[PDB]
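Heads up, the chain shows up twice below as structure tokens, two forms, tagged structure 1 and structure 2.
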Structure 1
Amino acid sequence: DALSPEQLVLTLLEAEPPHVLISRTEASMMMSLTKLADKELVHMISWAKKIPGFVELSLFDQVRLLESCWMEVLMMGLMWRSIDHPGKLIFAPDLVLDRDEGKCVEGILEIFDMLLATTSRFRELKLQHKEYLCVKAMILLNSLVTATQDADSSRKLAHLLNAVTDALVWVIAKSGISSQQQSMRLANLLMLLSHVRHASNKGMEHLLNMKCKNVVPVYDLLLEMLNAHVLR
């Protein structure tokens, strides 16, 4: 009964890690970002772990879920920090970027555009903090081929996702607005998610031709952290 709305929303509230800090030239940027990314991915795993039922899922599912959503989760987190600061992407209190500034990294601009844009749409939608938290967990749990041995784990996963989805519904209900407005809102929140998903996809295929030269691929960084903090 811990996967009840009120409980869950509170759990996510407390499970939220504190923003990482980082003092602030093509490569030099990738440096600071990669450095932050690594620092956030660690927190992400703790965050995941603190979600009701996650560590009870099969180890396979844990790795698969985290491997498949880190980009999107990082993106969602970026936008929320930079939701109230138009034209800017607040990677960290110190490190902040301007639209034009994005022209620095090879075509990272498209990602920047898509992001800055969607951030705006969320701002307009006046995204609430609790709405944000539920939506985030959804991404972790939602983002094909199922092995017989994984059957039970799958079954559970379905529940966690349903619960979090219900919690979001609940959070929207307490917003006070009319019933049909709740419907409309939920639909909207999900529409925008599809964008973030599309953006994070671009970002991946982007790294599928990344200048691995003066930086370390975040991939390798994650695969290592997983062996460290999820297997071991």
Structure 2
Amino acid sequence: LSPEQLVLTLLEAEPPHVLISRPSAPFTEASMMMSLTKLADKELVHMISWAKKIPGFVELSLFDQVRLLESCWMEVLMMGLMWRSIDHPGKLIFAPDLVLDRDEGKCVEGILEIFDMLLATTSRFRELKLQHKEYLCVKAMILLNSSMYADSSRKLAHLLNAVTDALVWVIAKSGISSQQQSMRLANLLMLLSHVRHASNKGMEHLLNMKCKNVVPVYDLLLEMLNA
């Protein structure tokens, strides 16, 4: 299975586009969090299916599969957010019928901070001209490299290695310099830290919200949160 064929299977693993079915209208504090949690919940379902389509994922023990997703679900959502917003400076395209500015994130306390982290990192990927195929590998790497740590474990590293090798290949095909190729790989990988940082901040904020019973936490998003 060459790097090219592995990337193709990730493309085929891409989840479907989601909409929250909200008639276009101004966002208030209740409707905004309501929309974000309702969408995160729908996407979580598709994330599980997406993960099982990554060659070898289903061959991991159930403990690993569960632990890897409980660990990275928020990062994969944000990484998907950044890809979709890449072509729209200033905006965060959570969904076609759920688009937010920085000013809209002001109505809700603690959110403007998170949006800024997401906008800055989206902006960063935008100046590097993140390519779709790169997006695919990176998003996969987030899943496989999320949680901190024999038969199953070796398969993970083997699987993570495979995706790493797929990202190198994609960069190799851009035809750029070898120095430029190495510089691009590092610039893309260094952003994983930023995605993880916003993730920790978003769950912290989401968790506080749950405790206040201000958001309609849905079954799936709920256990992914508690985990």
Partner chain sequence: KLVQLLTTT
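C-alpha atoms forming the largest set that superposes within 1.5 Å between two forms make up the rigid core. When a residue number appears, read it as a position in the sequence of structure 1, where counting begins at 1.
- Structure 1 derives from the form solved without the partner chain, whereas structure 2 comes from the other one.
- After superposition on the rigid core, the C-alpha displacement between structure 1 and structure 2 reaches 2 Å or more for just one residue among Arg64, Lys39, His195, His206, namely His206.
- Relative to the superposed rigid core, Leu13 undergoes a CA displacement smaller than 2 Å between structure 1 and structure 2.
- Superposing the rigid core and comparing between structure 1 and structure 2 gives a CA shift of 2.2 Å at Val105.
- On the core-superposed pair, the CA position of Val218 changes by 5.2 Å between structure 1 and structure 2.
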